[PDB]
Amino acid sequence: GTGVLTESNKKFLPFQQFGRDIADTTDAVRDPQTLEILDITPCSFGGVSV
Amino acid sequence: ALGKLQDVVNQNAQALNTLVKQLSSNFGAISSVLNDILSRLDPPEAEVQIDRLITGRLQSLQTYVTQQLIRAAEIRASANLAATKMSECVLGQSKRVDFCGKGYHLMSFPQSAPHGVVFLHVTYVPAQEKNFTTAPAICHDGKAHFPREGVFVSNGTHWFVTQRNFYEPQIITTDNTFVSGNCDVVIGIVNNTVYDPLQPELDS
Amino acid sequence: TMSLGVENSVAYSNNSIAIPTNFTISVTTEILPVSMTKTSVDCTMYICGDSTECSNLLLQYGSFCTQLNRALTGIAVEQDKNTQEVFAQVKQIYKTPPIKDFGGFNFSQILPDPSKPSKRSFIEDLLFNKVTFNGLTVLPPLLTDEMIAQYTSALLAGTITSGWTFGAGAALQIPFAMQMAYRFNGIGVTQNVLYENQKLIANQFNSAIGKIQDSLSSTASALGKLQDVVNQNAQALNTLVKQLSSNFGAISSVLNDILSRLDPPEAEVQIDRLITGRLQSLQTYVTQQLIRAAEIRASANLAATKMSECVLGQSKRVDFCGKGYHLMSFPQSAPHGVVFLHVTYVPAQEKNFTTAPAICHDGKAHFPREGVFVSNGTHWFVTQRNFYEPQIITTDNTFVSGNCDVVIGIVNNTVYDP
Amino acid sequence: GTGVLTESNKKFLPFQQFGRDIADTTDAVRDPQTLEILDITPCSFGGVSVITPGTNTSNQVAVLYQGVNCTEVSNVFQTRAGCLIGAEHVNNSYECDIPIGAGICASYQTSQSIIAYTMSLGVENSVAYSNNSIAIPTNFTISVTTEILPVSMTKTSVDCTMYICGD
Ligand SMILES: *[C@@H]1O[C@H](CO)[C@@H](O[C@@H]2O[C@H](CO)[C@@H](O)[C@H](O)[C@H]2NC(C)=O)[C@H](O)[C@H]1NC(C)=O
Ligand SMILES: *[C@@H]1O[C@H](CO)[C@@H](O[C@@H]2O[C@H](CO)[C@@H](O)[C@H](O)[C@H]2NC(C)=O)[C@H](O)[C@H]1NC(C)=O
Ligand SMILES: *[C@@H]1O[C@H](CO)[C@@H](O[C@@H]2O[C@H](CO)[C@@H](O)[C@H](O)[C@H]2NC(C)=O)[C@H](O)[C@H]1NC(C)=O
Ligand SMILES: *[C@@H]1O[C@H](CO)[C@@H](O[C@@H]2O[C@H](CO)[C@@H](O)[C@H](O)[C@H]2NC(C)=O)[C@H](O)[C@H]1NC(C)=O
Ligand SMILES: *[C@@H]1O[C@H](CO)[C@@H](O[C@@H]2O[C@H](CO)[C@@H](O)[C@H](O)[C@H]2NC(C)=O)[C@H](O)[C@H]1NC(C)=O
Ligand SMILES: *[C@@H]1O[C@H](CO)[C@@H](O[C@@H]2O[C@H](CO)[C@@H](O)[C@H](O)[C@H]2NC(C)=O)[C@H](O)[C@H]1NC(C)=O
Ligand SMILES: *[C@@H]1O[C@H](CO)[C@@H](O[C@@H]2O[C@H](CO)[C@@H](O)[C@H](O)[C@H]2NC(C)=O)[C@H](O)[C@H]1NC(C)=O
Ligand SMILES: *[C@@H]1O[C@H](CO)[C@@H](O)[C@H](O)[C@H]1NC(C)=O
Ligand SMILES: *[C@@H]1O[C@H](CO)[C@@H](O)[C@H](O)[C@H]1NC(C)=O
Ligand SMILES: *[C@@H]1O[C@H](CO)[C@@H](O)[C@H](O)[C@H]1NC(C)=O
Ligand SMILES: *[C@@H]1O[C@H](CO)[C@@H](O)[C@H](O)[C@H]1NC(C)=O
Ligand SMILES: *[C@@H]1O[C@H](CO)[C@@H](O)[C@H](O)[C@H]1NC(C)=O
Ligand SMILES: *[C@@H]1O[C@H](CO)[C@@H](O)[C@H](O)[C@H]1NC(C)=O
Ligand SMILES: *[C@@H]1O[C@H](CO)[C@@H](O)[C@H](O)[C@H]1NC(C)=O
Ligand SMILES: *[C@@H]1O[C@H](CO)[C@@H](O)[C@H](O)[C@H]1NC(C)=O
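Chains as they are written, first to last, in this note's numbering: chain A, 3 to 52; chain B, 31 to 234; chain C, 2 to 419; chain D, 112 to 278.
Below you can see the structure in the form of structure tokens.
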């Protein structure tokens, strides 16, 4: 995927690897190397109006 | 009460949720993710699956936009109604029945609400009704008298002329009534005295 | 080349007025579609009727079927709401009294008939007589036609026995002749015009209603509005059914034949063509049904407005409640629609007179309080504007303002002092 | 196919094997061995709606099998909308609470249960009409009712390219 990874305060349960939103879009992941939870946010986009 | 606005919010949210959930559908393709197909299959093989995904997602987007156009036509109808009610209920007093609430409209006050407007429709509702005997006209000296603005009522023995929407009886004189005819054509005309304000004045 | 009606040069001059010396009571009919049939197409059974392989292949398209079902259910609930908004405008169920002393006006042909098992009037019966399995269900409406007739009968009874008072608050009784005198005032004609012409007006009303009956009995093009709605829903459904007999590129239009002929890996390819075509056909149907239901909702909003303003009141809006000056209206139920009998005052037998904006007397100018100055050649009278009733010009008829050196067209005459 | 085969009186010509309905569906078939005509009718199907009083109020549930005769599907009601199972038919008429259809509505009322009744369109009120009797109000009420009107929706712009072909 593509996105911005930030530190997250989500309390993952040990058996859980990643977390999805209401519409089943990946919202958080767990780093396989370091068991830490990273929030994934879409890279900023928006219409350019002139 | 705010169901009308909450329903609109919910409908728009549901449409967006459906649109996003449509991104997880294969639509007949091998996978619902473009990245997986691109990373696994070479372009000559992957183009068919990507075409299936493109057609499915374009149809999903078109359905969303078309239902948004139908829903926005509905919202424009409601906004035209709200603009008319602002012009007639708030900027005026409406003679239209039930346009500005049940009752006889007095005034209205706008209150903004999220993605909408709330009209506080002040109306006059007649309350405590009394039966009376009524007569279309009144015979006095042969002439038939009809109320200028009002209705002839009788509390049993006496005849008064009152305004129609609020019982305020008054003695029947020639200022209350106008004359037309000779008491032979009216169906339901009754005999009663019509006072003359000028007569006592000339007497004294 | 079509003709845009007849040519007429109005006899205008700066000092001539045409005033009607008589009138007609005209009952016109206004037919408005209110609801459409509450169909509901089972998306899964239409696309993949009794086919597990097809159903699983359809699951890959996501929530297309669920959102089509949600659209059609919204349309059905909307139809029920349309009917409620038009007809359930009366809080209670009013009944006409056993004795119909309505001043000579005869509503027997619009009031409900006890002999019929339904609470249905003669004209409602005429209208109803006139207007006429692949996952495709038809939900019944919430209100039966007997309930719709009960609603319109309560509206009629409240109107006849209470005027517009029941629209505002509690129904206040008023004799129908007195209510008619009120409704005559509402259009600028004095009460005595009703009271002195009561029998003629009542007869004109009764004859107009009889002609309504005869027109309904003979010509069926009046209910073309509601029927067209019926023929459009039915036509859409028939096209939807007939789109099940299309290959859409597949070997066959029969899922059972495809399944019985092909092994699943080969069959799915043709089942996908069938699914794509049939799902596109369902989407086309549901889209046009949403557009058509928006049109019916606009029509039912108009019908609710006409019930409120024509039936529960008297409308000063022009041509909203029939051509002419609106007196009253009567709702009649019809199949998926409503019929309003708009009773209107149409002036008749106009005559020319000489008209002056003001009358000079003692130097001061006089203008009529309510009415217009007319002259039959030699004498000047002040008459109502919609019905010729000349009156001697006195100071009760007129109000003074200024001298006679300003008004253009002021004439000289005598305002008799009472 | 799949359906119910009922012996029928279709006037099949000797050279005719099956009778497609207007919808070009094989309504009737000639039995190949015994030359007899058998009408085919799809096995009973319909919608299933669930009349619920609200989970907070109760967990009791009445079920409407829409448009199926009850003989073709404890309390059972044959409404014109379909077969209503689990609602007790009541002769009294109340306001419509859960609109079932065809003039019939259901509600959760008194030991309590779901009752199905013919809806009442308000209280009957004969006006005291007379050719010389008028009702005139002696007082009034200043009522402030409320009307709520939607005006705008949420302005959404969807990038067609990024939605269909994200990156
Ligand atoms: C009808 O109204 C008239 C006048 O409002 C009543 O006559 C008056 O009644 C009061 C007592 O209620 C007396 O004090 C007055 O002297 C009466 N005046 C006249 C001129 O009669 C009459 O009583 C009312 N009748 C009914 C049945 O209500
Ligand atoms: C109202 O009063 C007039 C006269 O004051 C009544 O007219 C009388 O009617 C009777 C019977 O019809 C005749 O015998 C008299 O000759 C009439 N009198 C006059 C002067 O014409 C009239 O009947 C009264 N109306 C009611 C309803 O009682
Ligand atoms: C006003 O018009 C009505 C008709 O709309 C006239 O009533 C007709 O009068 C003629 C002759 O008297 C009768 O033959 C008809 O039977 C009447 N028709 C109805 C329906 O009653 C009435 O006379 C006219 N009045 C004036 C003053 O012109
Ligand atoms: C109201 O009109 C109806 C029909 O126009 C009248 O009913 C007719 O009455 C006559 C007797 O007066 C019968 O000969 C007819 O057969 C009836 N026709 C129908 C269709 O019922 C009714 O009488 C009128 N109302 C009043 C009070 O006269
Ligand atoms: C205009 O109307 C007036 C008022 O009716 C007419 O004057 C009366 O005419 C009748 C005959 O039609 C006479 O019997 C009256 O004596 C007249 N009254 C007066 C006060 O003169 C007048 O004739 C009408 N003029 C025209 C040209 O129609
Ligand atoms: C209406 O009457 C007034 C007076 O009664 C007329 O005014 C006269 O006008 C003439 C010509 O302009 C003058 O010579 C007189 O002196 C005026 N009289 C007065 C008393 O000022 C007026 O002309 C009349 N209007 C019409 C249209 O005939
Ligand atoms: C008209 O109605 C109002 C109430 O809507 C009446 O006012 C009430 O009067 C009673 C007794 O005087 C009081 O106990 C209440 O507190 C009053 N209510 C309000 C809101 O002021 C009024 O008396 C009625 N008038 C008539 C003539 O019936
Ligand atoms: C992998 O090794 C790193 C040390 O570089 C350690 O921090 C991390 O916890 C290890 N992850 C495991 C054992 O899953
Ligand atoms: C008017 O009289 C009728 C006759 O019974 C009665 O039913 C009605 O309640 C009366 N109206 C009032 C306001 O008392
Ligand atoms: C009212 O109608 C009755 C018959 O119902 C009649 O006897 C009476 O004369 C009528 N009265 C008026 C004023 O029309
Ligand atoms: C009024 O006079 C004009 C004069 O030409 C005439 O054409 C018109 O018909 C007259 N109006 C009536 C109602 O007779
Ligand atoms: C009407 O116009 C004519 C000429 O067109 C003129 O002679 C006459 O004075 C005018 N009448 C009025 C009342 O203005
Ligand atoms: C065999 O089929 C023929 C033609 O349908 C029929 O006439 C005959 O009765 C059948 N006999 C048997 C053994 O089923
Ligand atoms: C259900 O079937 C029975 C048996 O024929 C019949 O008597 C009854 O009328 C049917 N009911 C409906 C609603 O079709
Ligand atoms: C309702 O009333 C009818 C007759 O009025 C009767 O046959 C029926 O048994 C009643 N139903 C109940 C549940 O009491």
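Using N, Cα and C, we set each Cβ at its ideal position, and we do this for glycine too.
Nearest-angstrom Cα distance between residue i and residue j?
{"i": "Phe-206(C)", "j": "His-343(C)", "result": "11 angstroms"}
{"i": "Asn-167(D)", "j": "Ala-173(D)", "result": "16 angstroms"}
{"i": "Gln-199(C)", "j": "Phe-185(C)", "result": "12 angstroms"}
{"i": "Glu-371(C)", "j": "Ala-158(C)", "result": "34 angstroms"}
{"i": "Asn-234(C)", "j": "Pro-142(C)", "result": "15 angstroms"}
{"i": "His-362(C)", "j": "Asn-353(C)", "result": "25 angstroms"}
{"i": "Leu-137(C)", "j": "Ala-295(C)", "result": "21 angstroms"}
{"i": "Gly-3(A)", "j": "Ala-45(B)", "result": "25 angstroms"}
{"i": "residue 8(B)", "j": "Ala-246(D)", "result": "Nothing about residue 8(B) can be read from this structure; chain B reaches only from 31 to 234."}
{"i": "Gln-141(B)", "j": "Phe-149(B)", "result": "6 angstroms"}
{"i": "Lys-13(A)", "j": "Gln-79(B)", "result": "38 angstroms"}
{"i": "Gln-151(C)", "j": "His-337(C)", "result": "15 angstroms"}
{"i": "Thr-306(C)", "j": "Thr-8(A)", "result": "58 angstroms"}
{"i": "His-188(B)", "j": "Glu-125(C)", "result": "45 angstroms"}
Just verifying my parser: in three-state terms, what is the DSSP assignment at residue i?
{"i": "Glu-235(D)", "result": "strand"}
{"i": "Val-179(D)", "result": "coil"}
{"i": "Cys-49(C)", "result": "helix"}
{"i": "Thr-27(A)", "result": "coil"}
{"i": "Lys-307(C)", "result": "helix"}
{"i": "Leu-313(C)", "result": "coil"}
{"i": "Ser-246(C)", "result": "helix"}
{"i": "residue 434(C)", "result": "The first residue shown for chain C is 2 and the last is 419, placing residue 434(C) beyond what the model contains."}
{"i": "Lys-122(D)", "result": "coil"}
{"i": "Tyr-205(D)", "result": "coil"}
{"i": "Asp-128(B)", "result": "strand"}
{"i": "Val-91(C)", "result": "coil"}
Here's a check: name, in chain order, each residue in its chain whose Cβ is nearer than 7 angstroms to the Cβ of residue i, leaving out the five neighbours to either side.
{"i": "residue 486(C)", "result": "Any question about residue 486(C) goes unanswered here, given that chain C covers just 2 to 419."}
{"i": "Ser-10(A)", "result": "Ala-30, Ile-39, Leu-40, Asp-41"}
Taking the beta strand (DSSP E) that residue i belongs to, which residues open and close that run?
{"i": "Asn-353(C)", "result": "338-356"}
{"i": "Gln-333(C)", "result": "326-335"}
{"i": "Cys-194(D)", "result": "193-196"}
{"i": "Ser-160(D)", "result": "159-162"}
{"i": "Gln-189(D)", "result": "187-190"}
Per DSSP, residue i is paired with what?
{"i": "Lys-96(C)", "result": "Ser-237(D)"}
{"i": "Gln-392(C)", "result": "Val-383(C)"}
{"i": "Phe-182(B)", "result": "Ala-165(B), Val-191(B)"}
{"i": "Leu-260(D)", "result": "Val-147(B)"}
For the alpha helix (DSSP H) containing residue i, list its first residue and its last residue.
{"i": "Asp-43(C)", "result": "Element bounds for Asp-43(C): n/a, residue is neither H nor E."}
{"i": "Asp-41(A)", "result": "That residue, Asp-41(A), is in no alpha helix (DSSP H); its beta strand (DSSP E) goes 39-43."}
{"i": "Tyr-183(C)", "result": "177-186"}
{"i": "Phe-88(C)", "result": "65-88"}
Between residue i and the rest of its own chain, which residues show a CB-CB distance below 8 angstroms, the 5 nearest in sequence each way excluded?
{"i": "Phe-382(C)", "result": "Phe-374, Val-375, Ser-376, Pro-391, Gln-392, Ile-393, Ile-394"}
{"i": "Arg-262(C)", "result": "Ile-252, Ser-253, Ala-268"}
{"i": "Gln-19(A)", "result": "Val-31, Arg-32"}
{"i": "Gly-104(C)", "result": "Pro-176, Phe-177, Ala-178, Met-181, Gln-199, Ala-203"}
{"i": "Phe-129(B)", "result": "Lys-115, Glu-118, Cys-119, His-135"}
Skipping 5 residues on each side, what residues in its chain have a beta carbon closer than 6 angstroms to that of residue i?
{"i": "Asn-248(C)", "result": "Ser-254"}
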